[PDB]
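Participant: Here it is, the structure in full.
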Amino acid sequence: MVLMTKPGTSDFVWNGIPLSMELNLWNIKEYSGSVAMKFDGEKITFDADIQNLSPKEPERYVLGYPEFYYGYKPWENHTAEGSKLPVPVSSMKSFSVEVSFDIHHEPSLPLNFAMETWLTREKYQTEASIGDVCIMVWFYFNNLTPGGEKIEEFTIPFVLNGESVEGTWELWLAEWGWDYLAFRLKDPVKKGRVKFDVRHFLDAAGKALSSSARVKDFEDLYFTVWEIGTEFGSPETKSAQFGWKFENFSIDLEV
Ligand SMILES: OC[C@H]1O[C@@H](O[C@H]2[C@H](O)[C@@H](O)[C@H](O[C@H]3[C@H](O)[C@@H](O)[C@@H](O)O[C@@H]3CO)O[C@@H]2CO)[C@H](O)[C@@H](O)[C@@H]1O
Ligand SMILES: OC[C@H]1O[C@@H](O[C@H]2[C@H](O)[C@@H](O)[C@H](O)O[C@@H]2CO)[C@H](O)[C@@H](O)[C@@H]1O
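For the sequence shown, the entry's author numbering gives the first residue as 1, with consecutive numbering after it.
Rendered as structure tokens:
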């Protein structure tokens with residue numbers, strides 16, 4: 001059992017895969033109340049009942065992103081030992097990700113269930129800047145839209161509860177300190193099991209950024225990490241009650 005009740009990171013191994021869990025309240029300046037994140041060998045759970053919230057920077061909009069991840073998260077300069085990432089995007093033949101999840105939250109809270117990676121020019125950067133890319137995949141959202149603006153839609157297959165389906169994904173793009181691309185599933189799923197190949201999203205992103213003047217050689221960027229978690233909160237959020245459970249996690253990176 002790994003149990004955290006304050007912001008921090010812990011490495012763990014689940015089904016033979018080395019991972020990191022981060023009770024991530026990155027944009028919260030202050031709060032009162034409770035947070036708890038736990039891994040017990042079969043599932044990872046997170047619960048929060050916090051109040052008196054204020055952001056470190058409202059321009060960033062969200063307040064936090066409790067999560068777990070496989071690989072190297074640039075911002076924390078951290079990877080658990082034994083990860084196959086980072087690798088150049090061009091070396092990835094396929095990268096299957098599967099996980100069961102159940103998200104619960106008070107109705108008014110801005111929240112998503114989103115996975116993400118950071119594509120960087122150098123292998124072990126400690127930040128993203130111009131030339132780098134953040135790609136997110138949102139399977140659920142409540143009172144929250146992605147940053148930037150919606151520019152396209154893509155039809156990308158995934159397996160939902162064991163059944164192959166074709167999802168329709170909106171692609172939202174923002175040019176900030178780095179390029180932000182968020183694919184948002186149009187029929188969000190709040191509880192279920194999903195399995196999909198990240199390569200489809202990398203392919204769509206590479207097409208969308210083909211005429212970019214900021215992102216130069218997409219396929220030469222390093223795919224550093226795969227994060228799974230829930231962003232939550234807006235600049236007006238003063239309290240947050242929500243949590244989640246993730247189970248049945250597996251990956252298959254073919255390089
Ligand atoms: O303490 C280490 C380092 O953390 C920096 O915060 C990171 C977070 O760790 C990371 O989760 C967050 O990712 C968000 C991203 O910025 C958004 O564009 C979008 O992708 O959603 C992500 C999850 O909400 O990025 C921030 C950095 O921007 C601290 O900022 C830094 O001071 C600190 O040293
Ligand atoms: O850290 C940035 C954050 O942006 C979130 O979208 C915000 C956007 O930043 C803001 O300009 C717009 O007015 O509101 C949206 C929220 O509805 C985005 O949802 C996050 O993924 C991203 O992390």
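Using N, Cα and C, we set each Cβ at its ideal position, and we do this for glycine too.
#1: Using the C-alpha atoms, what's the distance from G233 back to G206?
#2: Between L173, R184, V87 and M21, which has its C-alpha nearest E122's C-alpha?
#3: Could you tell me if the beta carbon of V62 falls within a distance shorter than 7 angstroms of some heavy atom in ligand 3?
#4: Taking DSSP as the reference, what is the three-state secondary structure of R60?
#5: With 16 other CB atoms within 10 Å as the buried threshold, where does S20 fall?
#6: With H, G and I counted as helix, E and B as strand and the rest as coil, what does DSSP make of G206?
#7: Give every residue whose Cβ lies closer than 6 angstroms to any heavy atom of ligand 1, listed in chain order.
#8: How long is the line joining the alpha carbons of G229 and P66, rounded to whole angstroms?
#9: Please state whether the Cβ-Cβ distance between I103 and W244 is less than 8 angstroms.
#10: Counting only the same chain and skipping the five closest in sequence on each side, list residues whose C-beta sits under 6 angstroms from that of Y69.
#11: Whether or not the segment 139-153 and the segment 108-127 are in contact is what I'm after, with contact meaning three or more pairs of Cβ atoms, one per stretch, closer than 8 angstroms; do they touch?
#12: From the DSSP output, in three-state form, read off residue 296 for me.
#13: Quick check on DSSP: helix, strand or coil for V198?
#14: Please look up how many angstroms separate the CB atoms of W26 and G64, rounded, as I've assumed it's under 8 angstroms.
#15: Quick test of your reading: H200 and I156, contact by CB under 8 angstroms. State the CB separation rounded to the nearest angstrom.
#16: Return the chain-ordered ranges of every beta strand (DSSP E) run that is complete within the segment 15-39 and spans a minimum of 3 residues.
#17: I think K84 touches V255, with their Cβ atoms under 8 angstroms apart; what is that distance to the nearest whole Å?
#18: Measure the alpha-carbon distance for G41 versus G192 and round it to whole angstroms.
#19: Could you check how far apart the C-beta atoms of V194 and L160 are, in whole angstroms? I think they sit under 8 angstroms.
#20: So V35 packs on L23, CB below 8 angstroms; how close in whole Å?
#21: Identify the residues that DSSP records as bridge partners of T155: which are they?
#22: Would you grab the beta carbon distance between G148 and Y180 for me? Rounded to a whole angstrom, and I think it's under 8 angstroms.
#23: Below 8 angstroms CB to CB, which residues in the same chain sit around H78 once its five sequence neighbours on both sides are set aside?
#24: Identify whether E76 lies in helix, strand or coil by the three-state DSSP scheme.
Facilitator: Looking at the atomic coordinates:
#1: When rounded, the distance between both Cα atoms is 30 angstroms.
#2: When each option's Cα is compared against that of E122, the closest is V87.
#3: Only ligand 1 and ligand 2 can be found as ligands here, which leaves ligand 3 out of the picture.
#4: Correct three-state label for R60: helix.
#5: The residue is buried, with at least 16 neighbouring Cβ atoms inside 10 Å.
#6: Correct three-state label for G206: helix.
#7: That query returns the following residues: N24, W26, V62, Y65, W75, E76, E116, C134, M136, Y180 and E231.
#8: Looking at the two C-alpha atoms, the distance is approximately 6 angstroms.
#9: Yes; because the gap between Cβ atoms is below 8 angstroms, this pair is in contact.
#10: Taking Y69 as the centre and dropping the five residues before and after it, the same chain places the C-beta of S20, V225 and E227 closer than 6 angstroms to its C-beta, in chain order.
#11: The segment 108-127 vs the segment 139-153: in contact.
#12: Lying before the first or after the last residue shown, residue 296 is absent from the chain, which here runs from 1 to 255.
#13: Note: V198 maps to helix in three-state DSSP.
#14: Confirmed, Cβ separation roughly 6 angstroms.
#15: That pair is a contact at about 5 angstroms.
#16: Within the segment 15-39, the complete beta strand (DSSP E) segments of 3 residues or longer fall at 17-23 and 28-39, listed in chain order.
#17: With a beta-carbon spacing of about 7 angstroms, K84 and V255 fall inside the 8 angstroms limit used to define contacts.
#18: So the alpha carbons of these two residues sit roughly 20 angstroms apart.
#19: Indeed, because the Cβ distance is near 6 angstroms, the residues count as touching under 8 angstroms.
#20: Indeed they touch by this definition, with Cβ atoms about 6 angstroms apart.
#21: DSSP, once it has assigned bridges, lists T168 as partnering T155.
#22: Contact between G148 and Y180 is confirmed by a C-beta separation of about 6 angstroms, below the 8 angstroms threshold.
#23: Within the same chain, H78 has close Cβ partners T9, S20 and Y72.
#24: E76: helix per DSSP, three-state reduction.
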